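Student: If you scroll down you'll find the structure; I have some questions about it.
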Protein chains: 4
Amino acid sequence: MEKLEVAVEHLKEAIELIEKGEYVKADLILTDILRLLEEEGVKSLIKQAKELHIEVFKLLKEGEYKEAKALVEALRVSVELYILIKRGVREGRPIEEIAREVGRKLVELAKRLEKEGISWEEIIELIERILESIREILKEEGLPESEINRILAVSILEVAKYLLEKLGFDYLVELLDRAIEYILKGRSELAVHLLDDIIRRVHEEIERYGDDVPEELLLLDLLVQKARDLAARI
Amino acid sequence: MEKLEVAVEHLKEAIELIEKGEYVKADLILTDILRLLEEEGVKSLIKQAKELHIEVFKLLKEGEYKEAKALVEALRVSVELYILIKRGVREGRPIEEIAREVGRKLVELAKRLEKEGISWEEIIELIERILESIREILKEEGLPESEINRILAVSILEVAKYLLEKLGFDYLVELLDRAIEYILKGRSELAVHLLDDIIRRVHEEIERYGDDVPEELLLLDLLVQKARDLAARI
Amino acid sequence: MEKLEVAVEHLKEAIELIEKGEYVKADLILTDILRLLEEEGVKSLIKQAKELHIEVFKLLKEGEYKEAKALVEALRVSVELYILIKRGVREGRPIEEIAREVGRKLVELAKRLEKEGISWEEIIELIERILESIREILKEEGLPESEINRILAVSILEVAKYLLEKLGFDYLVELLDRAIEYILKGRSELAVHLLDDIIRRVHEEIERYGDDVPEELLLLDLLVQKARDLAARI
Amino acid sequence: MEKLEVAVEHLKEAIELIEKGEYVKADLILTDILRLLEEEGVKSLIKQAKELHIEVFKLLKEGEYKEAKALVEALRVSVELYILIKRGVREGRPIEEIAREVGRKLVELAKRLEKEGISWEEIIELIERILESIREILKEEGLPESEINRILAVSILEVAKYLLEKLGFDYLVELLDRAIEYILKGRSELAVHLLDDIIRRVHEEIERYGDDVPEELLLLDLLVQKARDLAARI
Ligand SMILES: [Zn+2]
Ligand SMILES: [Zn+2]
Ligand SMILES: [Zn+2]
Ligand SMILES: [Zn+2]
Ligand SMILES: [Zn+2]
Ligand SMILES: [Zn+2]
Ligand SMILES: [Zn+2]
Ligand SMILES: [Zn+2]
């Protein structure tokens with residue numbers, strides 16, 4: 001799969017070019033990356049690359065350098081995640097470590113985007129787009145719905161855990177590791193009950209905050225709720 | 001149809017790059033524009049873009065910057081005209097205002113090329129190539145032959161009117177507006193008779209000039225004759 | 001076939017760009033050349049161009065400028081050779097002069113690569129890849145196996161003759177021209193016997209050298225042996 | 001096609017022999033040329049060669065050396081034109097340059113015959129016979145009627161242009177280049193209108209001359225009229 005590694009290197013080159021200030025070369029590199037991905041033949045990556053070309057051209061016209069860099073980084077993370085999923089499935093790796101790797105990659109991307117200056121709503125939306133791409137890729141590999149839902153729930157819960165650590169709620173963090181371990185080991189109903197208790201605690205914290213609720217708490221609430229829904233659907 | 005607007009912006013970027021002096025980037029941009037147009041799926045635009053790539057590469061090798069700029073501007077005008085035709089047909093706009101817009105765009109392109117330094121024979125040939133592209137595009141939209149011929153005749157007559165204004169024959173200009181109005185309102189036979197009288201007057205002027213006939217008069221003669229043929233075919 | 005001449009000019013531009021130091025523009029030019037060749041529709045050239053893009057990107061990442069330049073020059077020579085083969089076959093040119101032209105082009109490429117600093121093993125491998133491409137192209141034109149083998153044997157023998165001239169064995173050179181003339185005139189069995197005698201003389205020279213045999217002598221041995229095999233298969 | 005080059009060399013030898021004074025050897029050479037052309041297998045050339053043998057024998061009996069030389073030169077030009085047409089069609093050359101070459105060859109033949117002392121009526125008749133041979137040859141190559149008519153019209157117009165230059169009508173010459181360019185570029189109706197205006201101007205010149213009209217003007221009138229008919233039939 002060296003074509004996809006070449007695509008990843010190109011994407012890094014495109015990020016560096018946008019940083020330098022050459023936007024024509026960045027647009028041409030995006031076209032080259034689209035050609036490479038179409039040569040490989042992954043549909044989700046292909047549509048993401050085409051929309052990336054169009055939207056990055058528009059943003060570079062307007063002057064939104066950070067948004068274009070974020071979109072390129074999101075596509076890069078998506079391609080690397082597809083590579084790692086294929087390597088894990090071929091090598092017969094356990095679903096557990098694949099899910100942990102996906103969560104780690106998503107958290108690293110979120111930390112990068114937070115360092116750049118992108119707001120957390122945009123970060124969450126980019127992460128969910130990547131998660132939908134991951135869902136399609138996993139469904140392509142013939143995996144059943146249970147493991148797909150498990151991986152997605154674990155990744156969402158890892159992002160939520162990073163948010164909780166930022167907020168400073170250590171006990172909820174510990175309960176989150178417990179729930180993640182239960183999801184990974186296959187014990188679904190216990191994890192769902194744990195997630196219900198976590199949701200109640202989060203709502204109590206939000207109600208305590210009152211009118212000055214930080215946006216991270218609301219995003220964490222939404223993330224934990226959708227992770228609980230996925231764990232129920234397992 | 002934002003893909004075609006992105007293509008138009010690219011074409012503007014290509015013109016600016018040719019002006020600056022970066023010919024490799026211009027060639028690569030032309031390839032990108034061809035990819036965009038093929039993604040959209042308009043056959044005439046696609047063949048025009050491929051021949052544009054080849055011929056602009058050759059001309060930039062030779063050093064004919066103005067000819068390459070003229071070809072890129074012609075493709076840009078053709079793409080914008082296709083966009084406007086699609087918007088007019090979808091919105092149910094009257095054929096009259098569509099024809100007036102097409103004529104205005106062609107006259108603006110001719111004025112631009114005249115300012116650049118391209119001779120009037122090349123300008124006329126480029127305009128007729130654009131007109132053939134317009135004819136194909138209009139036939140694609142399911143329009144009948146009568147309105148297509150009306151639009152084409154009006155555009156040709158607007159170019160001829162600009163030529164007459166340059167020459168300084170005001171009365172022939174006024175007769176030309178009368179004929180254009182008659183064509184636009186649907187009165188075809190009156191317009192054909194008016195065009196016959198205009199052709200006779202133009203031939204009288206040419207015969208008066210003798211051996212020192214400017215080329216604009218001969219080009220105007222040819223344009224009015226072909227417009228009269230189209231009006232007859234309406 | 002002006003598309004292939006445009007591709008050749010592009011390849012020259014790519015070599016010049018690699019020499020200057022712009023590797024992004026070189027990568028983009030390689031993508032453009034691949035698009036041109038795919039537009040023309042020659043399968044061997046297409047696969048060679050794709051692998052060239054990938055490998056040149058990798059080498060320019062590593063810093064092997066000379067290897068990338070050699071690969072681009074090999075693709076350029078292959079495209080020019082295809083052009084000349086098509087022109088010769090269409091014009092009904094004799095197989096003799098086509099074979100002489102192919103040999104001259106291969107020798108010029110080898111001299112160029114030797115001047116650059118590429119070792120003779122790499123030069124020979126590149127030449128054999130070009131020869132396999134030539135074999136496929138000739139088989140496409142509907143030529144029978146005898147003339148294809150004759151052309152390939154003549155080209156290999158011309159490369160071997162250049163190697164012998166470098167070594168300084170004039171008599172073996174003269175015998176090689178005699179064998180090449182016999183192959184070109186159609187006399188195959190006499191050429192095979194001459195090649196057997198040449199092979200015996202080369203082995204005698206190698207045995208005389210002992211442990212200090214230059215690599216050119218061994219490469220010449222292999223080349224003459226494969227040329228004799230092709231001449232037998234005629 | 002080296003047989004036809006041998007035939008051309010023979011025809012040159014025959015012209016030289018007629019110039020020297022050996023008429024028996026010239027008759028025998030004409031028989032040899034007929035045998036060569038029949039070996040090649042071009043019907044028009046074959047019938048032309050047989051009638052050439054008969055008529056040159058008769059003329060050399062009578063003493064009309066110049067007429068026999070003119071007939072041999074006409075056959076030579078016809079054979080060379082067939083060679084060039086075949087080379088152009090095989091090589092995929094554009095119709096434009098083929099037409100220009102045919103016109104140049106016809107003008108050179110006309111200049112040669114004028115230098116010899118043959119009258120312009122005979123020159124025109126020989127040229128039209130060659131043109132009919134060209135029409136048959138082009139129809140043999142599978143070309144459609146439009147390009148055949150275009151080539152024939154361009155050649156006739158080039159002969160007419162030479163006549164106009166001899167007469168000394170520069171403005172009509174310039175209009176003729178304009179019409180030739182329009183025919184070559186494919187714009188037929190504009191060329192027909194231009195030819196109509198040229199015909200009117202030529203008739204005005206003839207009427208101005210009165211009773212002392214040179215024959216070149218009448219031949220030019222006929223040539224331009226037939227070229228206009230061919231351009232209309234395009
Ligand atoms: Zn672009
Ligand atoms: Zn509980
Ligand atoms: Zn290019
Ligand atoms: Zn009237
Ligand atoms: Zn690339
Ligand atoms: Zn022997
Ligand atoms: Zn005889
Ligand atoms: Zn006129």
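The way I read the labels, and the way they are meant: chains A, B, ... in the order of the structure tokens, residue 1 as the first residue of every chain, and ligand 1 as the first ligand shown, with later ones counted on from there.
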Using only C-alpha atoms and all ligand atoms, find each residue with an atom at most 10 Å away from ligand 4 and format the answer as a PyMOL selection string.
Tutor: chain B and resi 190+192-198+200
Student: Restricting the output to N, CA and C atoms, write the selected residues as a JSON list (two decimals), in the first residue's frame.
Tutor:
[["chain", "number", "residue", "atom", "x", "y", "z"],
["B", 190, "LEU", "N", -39.15, 41.13, -41.58],
["B", 190, "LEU", "CA", -38.79, 42.54, -41.56],
["B", 190, "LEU", "C", -37.31, 42.72, -41.26],
["B", 192, "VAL", "N", -34.95, 40.54, -41.93],
["B", 192, "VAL", "CA", -34.19, 40.09, -43.10],
["B", 192, "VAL", "C", -34.16, 41.18, -44.17],
["B", 193, "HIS", "N", -35.29, 41.84, -44.40],
["B", 193, "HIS", "CA", -35.30, 42.93, -45.38],
["B", 193, "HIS", "C", -34.42, 44.09, -44.92],
["B", 194, "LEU", "N", -34.47, 44.42, -43.63],
["B", 194, "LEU", "CA", -33.60, 45.46, -43.09],
["B", 194, "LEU", "C", -32.13, 45.09, -43.26],
["B", 195, "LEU", "N", -31.80, 43.82, -43.03],
["B", 195, "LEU", "CA", -30.42, 43.37, -43.18],
["B", 195, "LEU", "C", -29.98, 43.41, -44.63],
["B", 196, "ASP", "N", -30.89, 43.12, -45.56],
["B", 196, "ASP", "CA", -30.57, 43.28, -46.98],
["B", 196, "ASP", "C", -30.25, 44.73, -47.32],
["B", 197, "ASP", "N", -31.05, 45.66, -46.81],
["B", 197, "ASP", "CA", -30.77, 47.07, -47.07],
["B", 197, "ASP", "C", -29.45, 47.50, -46.44],
["B", 198, "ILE", "N", -29.16, 47.00, -45.24],
["B", 198, "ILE", "CA", -27.89, 47.30, -44.57],
["B", 198, "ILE", "C", -26.72, 46.75, -45.37],
["B", 200, "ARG", "N", -26.63, 46.22, -48.62],
["B", 200, "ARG", "CA", -26.46, 47.08, -49.79],
["B", 200, "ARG", "C", -25.72, 48.37, -49.43]]
Student: To check your reading of the model: which residues sit at most 6 Å from ligand 5 when counting only C-alpha atoms and all ligand atoms? Write the answer as a PyMOL selection string.
Tutor: (chain A and resi 32) or (chain C and resi 27-28)
Student: How would the residues just picked look written out with N, CA, C and O atoms as a PDB file, in the first residue's frame?
Tutor:
ATOM      1  N   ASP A  32      -3.036  16.362  -7.294  1.00  0.00           N
ATOM      2  CA  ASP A  32      -2.202  15.161  -7.387  1.00  0.00           C
ATOM      3  C   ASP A  32      -2.619  14.110  -6.361  1.00  0.00           C
ATOM      4  O   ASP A  32      -2.657  12.910  -6.664  1.00  0.00           O
TER       5      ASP A  32
ATOM      6  N   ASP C  27       7.485  16.763  -9.484  1.00  0.00           N
ATOM      7  CA  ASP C  27       6.454  15.765  -9.203  1.00  0.00           C
ATOM      8  C   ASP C  27       5.162  16.085  -9.952  1.00  0.00           C
ATOM      9  O   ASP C  27       4.535  15.197 -10.556  1.00  0.00           O
ATOM     10  N   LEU C  28       4.772  17.361  -9.957  1.00  0.00           N
ATOM     11  CA  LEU C  28       3.568  17.772 -10.673  1.00  0.00           C
ATOM     12  C   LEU C  28       3.719  17.586 -12.181  1.00  0.00           C
ATOM     13  O   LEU C  28       2.775  17.161 -12.859  1.00  0.00           O
TER      14      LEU C  28
END
Student: Check every residue of chain C for an atom within 10 Å of chain B, counting only C-alpha atoms, and provide those that qualify as a ChimeraX atom specification.
Tutor: /C:2-3,6,9-10,13-14,17,25-26,28-29,31-32,35-36,39
Student: List the spatial neighbours of residue 59 (chain B) as a list in words - criterion: any atom at most 10 Å away, only C-alpha atoms, same-chain residues fewer than 6 positions off excluded.
Tutor: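 My list of contacting residues is residues 65, 66, 67, 68 and 69 of chain B.
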Student: My list of candidates is A:126, A:37, A:137, A:4. Which is closest to residue 109 (chain A) when distances are computed with only C-alpha atoms?
Tutor: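 Of all the options, A:126 lies closest to residue 109 (chain A).
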Student: Please list as a ChimeraX atom specification every residue within 12 Å of residue 158 (chain B), counting only C-alpha atoms and excluding residues in the same chain fewer than 6 positions away.
Tutor: /B:99-108,110,127,151-152,164-165,173-174,176-181,220,223-224,227
Student: For residue 98 (chain C), find every residue with an atom within 12 Å (counting only C-alpha atoms), except residues of its own chain fewer than 3 positions away, and show them as an MDAnalysis selection string.
Tutor: chainID C and resid 81:95 101:105 134 138 147:148 150:152 154:155 184
Student: Residue 130 (chain B): which residues within 10 Å, counting only C-alpha atoms, same-chain residues fewer than 4 positions away excluded, as a PDB file with C-alpha atoms, in the first residue's frame?
Tutor:
ATOM      1  CA  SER B  44     -17.235  21.155 -25.867  1.00  0.00           C
ATOM      2  CA  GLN B  48     -11.492  23.176 -25.826  1.00  0.00           C
ATOM      3  CA  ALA B  74     -11.555  32.747 -24.872  1.00  0.00           C
ATOM      4  CA  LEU B  75     -11.974  29.579 -22.803  1.00  0.00           C
ATOM      5  CA  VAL B  77     -15.519  33.586 -21.686  1.00  0.00           C
ATOM      6  CA  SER B  78     -16.896  30.315 -23.056  1.00  0.00           C
ATOM      7  CA  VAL B  79     -17.218  28.804 -19.565  1.00  0.00           C
ATOM      8  CA  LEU B  81     -21.257  32.010 -21.098  1.00  0.00           C
ATOM      9  CA  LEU B 106     -18.679  38.878 -26.645  1.00  0.00           C
ATOM     10  CA  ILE B 124     -13.242  37.261 -35.172  1.00  0.00           C
ATOM     11  CA  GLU B 125     -12.022  33.662 -35.446  1.00  0.00           C
ATOM     12  CA  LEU B 126     -11.989  33.272 -31.653  1.00  0.00           C
ATOM     13  CA  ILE B 134     -22.595  28.312 -27.717  1.00  0.00           C
ATOM     14  CA  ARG B 135     -24.599  26.675 -30.504  1.00  0.00           C
ATOM     15  CA  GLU B 136     -23.692  23.212 -29.225  1.00  0.00           C
TER      16      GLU B 136
END
Student: Considering only C-alpha atoms, return as a PyMOL selection string whatever protein or nucleic-acid residues lie within 12 Å of residue 205 (chain D), sequence-local ones (same chain, fewer than 3 positions apart) excluded.
Tutor: chain D and resi 164+167-169+172+198-202+208-214+217-218+220-221
Student: To one decimal place in Å, what is the distance between CA of residue 118 (chain A) and CA of residue 15 (chain A)?
Tutor: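 So the answer is 15.4 Å.
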